[PDB]
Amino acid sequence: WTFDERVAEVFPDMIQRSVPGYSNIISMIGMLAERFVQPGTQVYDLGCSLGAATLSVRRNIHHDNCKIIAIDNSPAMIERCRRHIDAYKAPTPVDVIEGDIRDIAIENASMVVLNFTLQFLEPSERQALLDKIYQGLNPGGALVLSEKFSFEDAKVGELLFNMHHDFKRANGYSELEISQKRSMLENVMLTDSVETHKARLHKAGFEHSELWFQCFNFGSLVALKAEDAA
């Protein structure tokens, strides 16, 4: 699997047909941004792809002097992402950076989004990234962490695999040329349970976290840094 030009071309339709609840989570990210993005601060869209989460945050910022930093290590994604974000006017500028989220600093951040990105790192790298995000968020800041989950209960995992299978069938996933290769990707991805995600978030320092969305085997957590945090 590579996030190449072909993937960047079909990405919005690929993700729509394969991630149950994706558009709801994009909407939820924007709603959160209205309440959590602070004046004069930064928001990070980590593994931004074509910038869908970036643009949903950006439409919901009504403060001056914010900036969104959208980062992805796929050159094809970045090229399309920069052009795509340039198509829409807003007062908040976006820095679209080709780079690795394992390396980038998190500074003066009121919000950070990992919208189906952490799953692409090696499992052993996940904690360091979440630790870095917690440290770089300002007090009162929020992280949104959306993932495909695994399930400890194998019978429940099977049911949710089947539901995902039926969802893809209902949405004509197999019409897409990329669908076999995407399925091959998902078959080798290493996903964590909700409990595992909550534990890492706690370990990184987040004083409050919770699952705020789920649909079958996909979902999203929101984690808040306390307003009185050190």
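All residue numbers are counted from 1 along the displayed sequence.
Undergrad: Decide which of the stretches 170-178 and 23-31 has the higher mean C-alpha B-factor, going by the entry.
TA: For C-alpha atoms only, the mean B-factor is higher in 170-178.
Undergrad: Give the stretch, out of 111-119 and 132-140, with the larger mean C-alpha temperature factor in the deposited entry.
TA: Stretch with the greater average CA B-factor: 132-140.
Undergrad: Considering only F218, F11, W212, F206, which residue's Cα atom bears the greatest B-factor as recorded?
TA: Comparing C-alpha B-factors across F218, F11, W212, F206, the top value belongs to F206.
Undergrad: Split the chain's modelled residues into thirds by Cα B-factor; is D100 in the lowest, middle or highest one?
TA: For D100, the deposited C-alpha B-factor lands in the middle third.
Undergrad: Please say which third, lowest, middle or highest, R58 falls into when its CA temperature factor is compared across its chain.
TA: Within its chain, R58 is a lowest-third residue by C-alpha B-factor, going by the deposited values.
Undergrad: Sorting the chain's modelled residues by C-alpha B-factor, tell me whether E195 ends up in the lowest, middle or highest third.
TA: Ranked within chain, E195 CA B lands in the highest tercile.
Undergrad: Among the modelled residues of this chain, does the Cα B factor of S150 put it in the lowest, middle or highest third?
TA: For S150, whose C-alpha B-factor we compare with every modelled residue in the chain, the answer is the highest third.
Undergrad: Ordered by C-alpha B-factor within the chain, which third holds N73? Give me lowest, middle or highest, please.
TA: For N73, whose C-alpha B-factor we compare with every modelled residue in the chain, the answer is the lowest third.
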